[PDB]
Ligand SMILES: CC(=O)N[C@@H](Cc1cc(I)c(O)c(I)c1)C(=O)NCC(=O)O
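Only one chain comes next, encoded as structure tokens, the form deposited without the ligand.
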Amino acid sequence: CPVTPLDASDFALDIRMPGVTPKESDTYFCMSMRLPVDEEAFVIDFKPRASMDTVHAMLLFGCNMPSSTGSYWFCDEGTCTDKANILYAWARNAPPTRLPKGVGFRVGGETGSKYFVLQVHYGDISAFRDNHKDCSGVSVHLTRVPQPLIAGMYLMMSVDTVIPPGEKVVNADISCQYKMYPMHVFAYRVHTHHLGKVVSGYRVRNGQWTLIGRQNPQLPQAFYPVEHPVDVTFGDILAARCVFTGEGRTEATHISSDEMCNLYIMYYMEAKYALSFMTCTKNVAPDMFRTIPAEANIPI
């Protein structure tokens, strides 16, 4: 097939799979890079270096303690033992979002992610590549120069809805009250396991819904650009609906076991008042979903 300093303030780190040999199709490899600095640094850019022939997708996470110590591992074992803050999502034939000017992820120091964990997913494998080494990964741009806007993730996950067997349509709803400084959403990622039909994200302010993003979870799960970023402010509600099918299923499915309904909202905040991670696992305002826009029920 290390560390490259660019100027006084900046430097570049590339996180590459260490010459792995995926044997078969639909296989996920995970690896880790500890952060070279112990002071706070800002990830301000990404360069993907994926072999076009065999790599379906790549995920970059930041987390305090990862799932394995070895040069690489299967991500079926896990990504991080702790919160995996997703930093980067690349998919073949997918728009990779470019962070807006002056946006950087805060890493290192007291609060910031200690490690990067790289996930590479390989979907198309020839059996006449029984011993070919791949060094797939991404290049990260770090600066110690402080950024005015800090990127972070609002993770919306449906902790319990059950899909009754054979129900053609089942709705998974998540809502939380926003009680922080203003967050500006520039991207979103939706995740689900093959019963999902559509995932839609909304800001609700004074009973008026504003769309963040709608996607089919069966498509490439990259980060989709929010064409005009949504401002989410204190006293707003974030509401999300996942649509599922119970069709063809013998038993009830759970959303530990079975299904997932996850919405990833990528945002920026003024550095002064910024926090990197927020989560919602509640549906505080269930009654409100009657008034949900009709678009949210329209499939893709």
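So that there is no doubt, residue numbering starts at 1 and follows the sequence shown.
The form deposited with the ligand bound is left out here; the points below concern that form.
If you check the ligand in the entry with it bound, you find a heavy atom from every one of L6, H141 and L155 within 4.5 Å. Interface residue among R129, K168, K133, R98, judged by heavy atoms within 4.5 Å of the ligand in the entry with it bound: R98. Of the residues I292, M278, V20, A12, just one reaches the ligand in the entry with it bound with a heavy atom at 4.5 Å or closer; this is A12. Residues within 4.5 angstroms of the ligand in the entry with it bound, judged by any non-hydrogen atom, belong to 81-89 and to none of the other stretches in 81-89, 212-220, 160-168, 110-118. The ligand in the entry with it bound is not approached by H254, whose heavy atoms all lie more than 4.5 angstroms from it. Shown alone here, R189 lies within 4.5 Å of the ligand in the entry with it bound, counting heavy atoms only.
The closest non-hydrogen atom of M33 lies beyond 4.5 Å of the ligand in the entry with it bound. For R249, no non-hydrogen atom is located within 4.5 Å of the ligand in the entry with it bound, even though that partner is not displayed. In sequence order, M260, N262, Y264 are the residues of 260-293 having a heavy atom within 4.5 Å of the ligand in the entry with it bound; the partner itself is omitted from this view.
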